[PDB]
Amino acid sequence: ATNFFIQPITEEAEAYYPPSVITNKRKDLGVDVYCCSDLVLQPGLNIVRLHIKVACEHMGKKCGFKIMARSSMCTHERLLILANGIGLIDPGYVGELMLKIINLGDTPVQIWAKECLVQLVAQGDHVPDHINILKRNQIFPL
């Protein structure tokens, strides 16, 4: 059993993460996460908040996970890459998820709140069984 737990920690994030349990019977490897706020990314590095806390769980024990770009993140009009290639998230991390995005182009680029630039992948690439979206006013699973 492999589960993700996602809690919105801002009001804008709540609009995109209503409390619910999401099944994954397409058996996709990655869990899409929203920008949750409109962004204008400057040329060079941008530190982008994802407005969520995340835990991943495998065989009933907390595990790590990985942040990977979606194939739609980079388009002809916005040359965006993840600076660290993929984001490596240790099981012990209990802060807010963040992204280091490099705008490789010469002009700023617009991102809309509803877009999913990245996807989360469990340690070991295990297919998620459930994705639990938690209430903002809830003690994040310890």
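Note that residue numbering follows the sequence shown and begins at 1.
*Asks:* 38-46 versus 78-86: which one carries the higher mean Cα B factor per the record?
*Replies:* 38-46 has the higher mean C-alpha B-factor.
*Asks:* Hey, which bit's got the bigger mean C-alpha B factor in the entry, 19-27 or 121-129?
*Replies:* In the deposited entry, the stretch with the higher C-alpha B-factor mean is 19-27.
*Asks:* Is the Cα B-factor recorded for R70 in the lowest, middle or highest third of its chain?
*Replies:* For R70, the deposited C-alpha B-factor lands in the lowest third.
*Asks:* For the chain shown, is the CA B-factor of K61 in the lowest, middle or highest third of its modelled residues?
*Replies:* Highest third - that is where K61 ends up once the chain's C-alpha B-factors are sorted.
*Asks:* Among all modelled residues of this chain, ranked by Cα B factor, put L104 in the bottom, middle or top third, i.e. lowest, middle or highest.
*Replies:* Tercile = lowest for this residue's CA B-factor.
*Asks:* Quick check on the deposited entry: does the C-alpha B-factor of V94 sit in the lowest, middle or highest third of its chain?
*Replies:* Ranked within chain, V94 CA B lands in the highest tercile.
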